[PDB]
Amino acid sequence: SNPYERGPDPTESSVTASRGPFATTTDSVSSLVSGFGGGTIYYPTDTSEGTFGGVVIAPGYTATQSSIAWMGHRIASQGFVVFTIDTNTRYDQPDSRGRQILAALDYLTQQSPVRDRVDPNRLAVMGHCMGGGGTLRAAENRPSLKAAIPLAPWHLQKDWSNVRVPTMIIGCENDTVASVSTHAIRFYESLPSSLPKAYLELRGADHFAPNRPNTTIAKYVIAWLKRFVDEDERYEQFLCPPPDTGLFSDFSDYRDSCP
């Protein structure tokens, strides 16, 4: 038995939906909170199935939470507590984002209005651009985390062989800000070979593809969160077998660790 399973058995239809089975609302967190620059918490209103996994998502350089908010209701409604932060300033570098992600996690589980709805043992980190570099760092530093999902990441450190948290890196094929050959793929290729991982490269997408609703991104994000945060093997169908990487797919490349 698995007590962390939430919601009905998933179909192609459910993973690609813009709103999953759970109704959601939001709490605001002011910038005067310490360790970061505030943000919005998206969470399910139904308590009857149990507590949910927690997820912090962080933006990129020069950007705010507006650039990631689409992920809030989208992911929370599949059965998660999702925290979209702002960083102290818009110009904080990756490792600083990393500190701040870690701080928003602690705030979510220890002090927020919705702490009583979050399982403090089941957490994940995601981010975009430098926020994704920060995501890598957070996972390097807090190996108790269940999942890490860097979107179009940027970081000067290329070697992430010390990461031990299941990691799905999502690259954008035509990224000229954080080109996949000097960022995303270098990171993926350095991950230990024993570690559950995946690299998704979106065909013909630019660097900002993560900042607007994207059905492909949402499906594999929801699946990776589900599989490792909730331990839920009902979502392994969407991860293995891997999908196709022809010119007739949304993916220009896909690497994995299957079975």
# chains A, B, ... in the order shown; residues from 1 in each chain; ligands from 1

$ closest_atom_pairs --of "segment 31-142 of chain A" --to "segment 230-243 of chain A" --cutoff "12 Å" --atoms "only C-alpha atoms" --output "tab-separated table"
residue	atom	partner	partner_atom	distance
A:50	CA	A:230	CA	11.7
A:51	CA	A:230	CA	10.7
A:52	CA	A:230	CA	8.1
A:53	CA	A:230	CA	6.8
A:54	CA	A:230	CA	10.1
A:55	CA	A:230	CA	11.6
A:78	CA	A:230	CA	11.2
A:79	CA	A:230	CA	9.4
A:80	CA	A:230	CA	9.3
A:118	CA	A:230	CA	12.0
A:119	CA	A:230	CA	10.1
A:121	CA	A:230	CA	10.5
A:122	CA	A:230	CA	7.4
A:123	CA	A:230	CA	9.4
A:124	CA	A:230	CA	10.5

$ residues_around --residues "residue 193 of chain A" --least-positions-apart "3" --cutoff "12 Å" --atoms "only C-alpha atoms" --output "PyMOL selection string"
chain A and resi 160-164+166-167+188-190+196-198+256-258

$ select_by_dssp --residues "segment 37-214 of chain A" --states "strand (DSSP E or B)" --output "MDAnalysis selection string"
chainID A and resid 39:44 52:58 81:85 118:129 147:153 167:172 197:202

$ closest_residue --among "A:250, A:95, A:140, A:116" --to "residue 81 of chain A" --atoms "only C-alpha atoms"
A:116

$ select_by_dssp --residues "segment 158-236 of chain A" --states "alpha helix (DSSP H)" --output "MDAnalysis selection string"
chainID A and resid 184:190 215:229

$ write_last_selection --atoms "N, CA, C and O atoms" --output "tab-separated table (two decimals), in the first residue's frame"
chain	number	residue	atom	x	y	z
A	184	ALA	N	22.26	23.07	-19.81
A	184	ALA	CA	21.38	21.95	-19.50
A	184	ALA	C	22.03	20.57	-19.63
A	184	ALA	O	21.88	19.75	-18.72
A	185	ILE	N	22.67	20.27	-20.76
A	185	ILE	CA	23.11	18.91	-21.08
A	185	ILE	C	24.39	18.59	-20.31
A	185	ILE	O	24.61	17.45	-19.91
A	186	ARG	N	25.25	19.59	-20.13
A	186	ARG	CA	26.44	19.41	-19.32
A	186	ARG	C	26.02	19.00	-17.91
A	186	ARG	O	26.63	18.11	-17.30
A	187	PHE	N	24.95	19.62	-17.40
A	187	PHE	CA	24.47	19.31	-16.06
A	187	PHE	C	23.97	17.87	-16.01
A	187	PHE	O	24.38	17.11	-15.13
A	188	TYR	N	23.05	17.52	-16.93
A	188	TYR	CA	22.49	16.18	-17.00
A	188	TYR	C	23.61	15.14	-17.09
A	188	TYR	O	23.56	14.12	-16.40
A	189	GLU	N	24.60	15.37	-17.95
A	189	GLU	CA	25.58	14.34	-18.27
A	189	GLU	C	26.50	14.12	-17.06
A	189	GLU	O	27.20	13.11	-16.99
A	190	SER	N	26.51	15.05	-16.10
A	190	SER	CA	27.39	14.94	-14.94
A	190	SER	C	26.71	14.21	-13.79
A	190	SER	O	27.40	13.76	-12.87
A	215	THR	N	1.74	22.28	-22.56
A	215	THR	CA	1.11	21.04	-22.17
A	215	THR	C	2.17	19.95	-21.98
A	215	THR	O	2.05	19.11	-21.10
A	216	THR	N	3.22	19.96	-22.81
A	216	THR	CA	4.29	18.97	-22.71
A	216	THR	C	5.03	19.13	-21.38
A	216	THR	O	5.32	18.15	-20.70
A	217	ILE	N	5.35	20.37	-21.01
A	217	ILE	CA	6.12	20.62	-19.81
A	217	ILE	C	5.30	20.15	-18.63
A	217	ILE	O	5.85	19.55	-17.71
A	218	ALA	N	3.99	20.44	-18.66
A	218	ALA	CA	3.14	20.20	-17.50
A	218	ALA	C	2.98	18.70	-17.25
A	218	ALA	O	2.98	18.29	-16.10
A	219	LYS	N	2.86	17.91	-18.31
A	219	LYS	CA	2.66	16.47	-18.21
A	219	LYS	C	3.86	15.80	-17.54
A	219	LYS	O	3.68	15.03	-16.61
A	220	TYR	N	5.09	16.09	-18.00
A	220	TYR	CA	6.27	15.41	-17.48
A	220	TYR	C	6.69	15.99	-16.13
A	220	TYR	O	7.29	15.29	-15.32
A	221	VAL	N	6.38	17.26	-15.87
A	221	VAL	CA	6.52	17.82	-14.54
A	221	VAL	C	5.57	17.10	-13.59
A	221	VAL	O	5.99	16.65	-12.53
A	222	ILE	N	4.29	16.99	-13.96
A	222	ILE	CA	3.31	16.38	-13.07
A	222	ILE	C	3.68	14.93	-12.79
A	222	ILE	O	3.53	14.46	-11.66
A	223	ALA	N	4.15	14.22	-13.82
A	223	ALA	CA	4.56	12.83	-13.69
A	223	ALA	C	5.79	12.69	-12.79
A	223	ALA	O	5.87	11.79	-11.97
A	224	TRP	N	6.78	13.56	-12.96
A	224	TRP	CA	7.99	13.42	-12.16
A	224	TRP	C	7.69	13.74	-10.69
A	224	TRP	O	8.09	13.00	-9.81
A	225	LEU	N	6.96	14.83	-10.44
A	225	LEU	CA	6.52	15.15	-9.09
A	225	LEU	C	5.74	13.97	-8.52
A	225	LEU	O	5.98	13.57	-7.38
A	226	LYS	N	4.82	13.41	-9.31
A	226	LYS	CA	3.94	12.36	-8.80
A	226	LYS	C	4.79	11.15	-8.42
A	226	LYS	O	4.68	10.62	-7.33
A	227	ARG	N	5.67	10.75	-9.33
A	227	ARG	CA	6.45	9.53	-9.13
A	227	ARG	C	7.33	9.62	-7.88
A	227	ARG	O	7.48	8.61	-7.21
A	228	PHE	N	7.93	10.77	-7.57
A	228	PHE	CA	9.00	10.82	-6.57
A	228	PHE	C	8.58	11.53	-5.29
A	228	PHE	O	9.00	11.10	-4.22
A	229	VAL	N	7.79	12.61	-5.40
A	229	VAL	CA	7.22	13.29	-4.25
A	229	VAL	C	6.17	12.40	-3.58
A	229	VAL	O	6.23	12.20	-2.38

$ residues_around --residues "segment 72-75 of chain A" --least-positions-apart "3" --cutoff "9 Å" --atoms "only C-alpha atoms" --output "ChimeraX atom specification"
/A:17-20,23-26,40-43,57,68-69,78-84,218,221-222

$ write_last_selection --atoms "N, CA and C atoms" --output "short mmCIF file (atom, residue, chain, number, x, y, z; two decimals), in the first residue's frame"
data_model
loop_
_atom_site.label_atom_id
_atom_site.label_comp_id
_atom_site.auth_asym_id
_atom_site.auth_seq_id
_atom_site.Cartn_x
_atom_site.Cartn_y
_atom_site.Cartn_z
N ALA A 17 -4.28 17.98 -18.61
CA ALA A 17 -5.33 18.93 -18.29
C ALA A 17 -4.71 20.17 -17.66
N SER A 18 -5.40 21.28 -17.92
CA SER A 18 -5.00 22.57 -17.38
C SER A 18 -5.42 22.67 -15.91
N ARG A 19 -6.36 21.81 -15.48
CA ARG A 19 -6.79 21.80 -14.09
C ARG A 19 -7.13 20.37 -13.70
N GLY A 20 -6.35 19.81 -12.76
CA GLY A 20 -6.53 18.45 -12.29
C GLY A 20 -7.77 18.32 -11.40
N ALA A 23 -9.79 21.20 -6.36
CA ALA A 23 -9.99 22.63 -6.26
C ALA A 23 -8.85 23.24 -5.44
N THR A 24 -8.50 24.48 -5.78
CA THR A 24 -7.35 25.16 -5.22
C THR A 24 -7.72 26.59 -4.85
N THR A 25 -6.98 27.17 -3.90
CA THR A 25 -7.02 28.60 -3.62
C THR A 25 -5.58 29.09 -3.37
N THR A 26 -5.40 30.33 -2.92
CA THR A 26 -4.06 30.90 -2.78
C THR A 26 -3.95 31.73 -1.49
N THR A 40 3.42 33.47 -3.72
CA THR A 40 2.06 32.99 -3.64
C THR A 40 2.09 31.49 -3.37
N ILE A 41 1.25 31.02 -2.43
CA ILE A 41 1.07 29.60 -2.21
C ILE A 41 -0.25 29.13 -2.84
N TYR A 42 -0.16 28.16 -3.76
CA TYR A 42 -1.33 27.49 -4.31
C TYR A 42 -1.51 26.14 -3.61
N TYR A 43 -2.74 25.82 -3.18
CA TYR A 43 -2.94 24.57 -2.45
C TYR A 43 -4.37 24.06 -2.62
N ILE A 57 8.88 26.80 -6.45
CA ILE A 57 9.33 27.18 -7.78
C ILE A 57 9.86 28.61 -7.76
N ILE A 68 6.27 32.52 -13.73
CA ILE A 68 6.14 31.10 -13.42
C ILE A 68 4.75 30.77 -12.87
N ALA A 69 3.90 31.78 -12.65
CA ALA A 69 2.63 31.58 -11.97
C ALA A 69 1.71 30.58 -12.69
N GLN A 78 -3.33 19.00 -9.36
CA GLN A 78 -3.08 17.56 -9.42
C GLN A 78 -2.82 16.97 -8.02
N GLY A 79 -2.78 17.82 -6.97
CA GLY A 79 -2.59 17.36 -5.60
C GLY A 79 -1.19 17.64 -5.04
N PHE A 80 -0.85 18.95 -4.97
CA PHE A 80 0.38 19.45 -4.36
C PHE A 80 0.21 20.84 -3.74
N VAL A 81 1.04 21.17 -2.75
CA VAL A 81 1.15 22.55 -2.29
C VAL A 81 2.34 23.22 -2.97
N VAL A 82 2.06 24.27 -3.75
CA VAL A 82 3.02 24.82 -4.69
C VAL A 82 3.29 26.27 -4.32
N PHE A 83 4.57 26.62 -4.14
CA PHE A 83 4.97 27.94 -3.69
C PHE A 83 5.85 28.61 -4.75
N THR A 84 5.29 29.65 -5.38
CA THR A 84 5.99 30.40 -6.40
C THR A 84 6.58 31.65 -5.77
N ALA A 218 3.99 20.44 -18.66
CA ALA A 218 3.14 20.20 -17.50
C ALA A 218 2.98 18.70 -17.25
N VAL A 221 6.38 17.26 -15.87
CA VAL A 221 6.52 17.82 -14.54
C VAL A 221 5.57 17.10 -13.59
N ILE A 222 4.29 16.99 -13.96
CA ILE A 222 3.31 16.38 -13.07
C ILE A 222 3.68 14.93 -12.79
#

$ residues_around --residues "residue 252 of chain A" --least-positions-apart "2" --cutoff "6 Å" --atoms "only C-alpha atoms" --output "NGL selection string"
:A and (201-203 or 245)

$ write_last_selection --atoms "N, CA, C and O atoms" --output "PDB file, in the first residue's frame"
ATOM      1  N   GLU A 201      14.404  17.848 -24.136  1.00  0.00           N
ATOM      2  CA  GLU A 201      14.753  18.991 -24.966  1.00  0.00           C
ATOM      3  C   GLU A 201      13.576  19.283 -25.887  1.00  0.00           C
ATOM      4  O   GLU A 201      13.190  18.424 -26.671  1.00  0.00           O
ATOM      5  N   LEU A 202      12.985  20.473 -25.730  1.00  0.00           N
ATOM      6  CA  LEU A 202      11.810  20.877 -26.484  1.00  0.00           C
ATOM      7  C   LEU A 202      12.229  21.360 -27.875  1.00  0.00           C
ATOM      8  O   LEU A 202      13.024  22.295 -27.974  1.00  0.00           O
ATOM      9  N   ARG A 203      11.677  20.716 -28.925  1.00  0.00           N
ATOM     10  CA  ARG A 203      11.938  21.053 -30.319  1.00  0.00           C
ATOM     11  C   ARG A 203      11.536  22.501 -30.608  1.00  0.00           C
ATOM     12  O   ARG A 203      10.398  22.899 -30.346  1.00  0.00           O
ATOM     13  N   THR A 245      11.227  11.194 -30.254  1.00  0.00           N
ATOM     14  CA  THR A 245      12.070  12.362 -30.447  1.00  0.00           C
ATOM     15  C   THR A 245      12.307  12.653 -31.930  1.00  0.00           C
ATOM     16  O   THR A 245      13.353  13.195 -32.278  1.00  0.00           O
TER      17      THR A 245
END

$ closest_residue --among "A:77, A:2, A:31, A:182" --to "residue 14 of chain A" --atoms "only C-alpha atoms"
A:77

$ atom_distance --atom1 "atom CA of residue 154 of chain A" --atom2 "atom CA of residue 87 of chain A"
15.9 Å
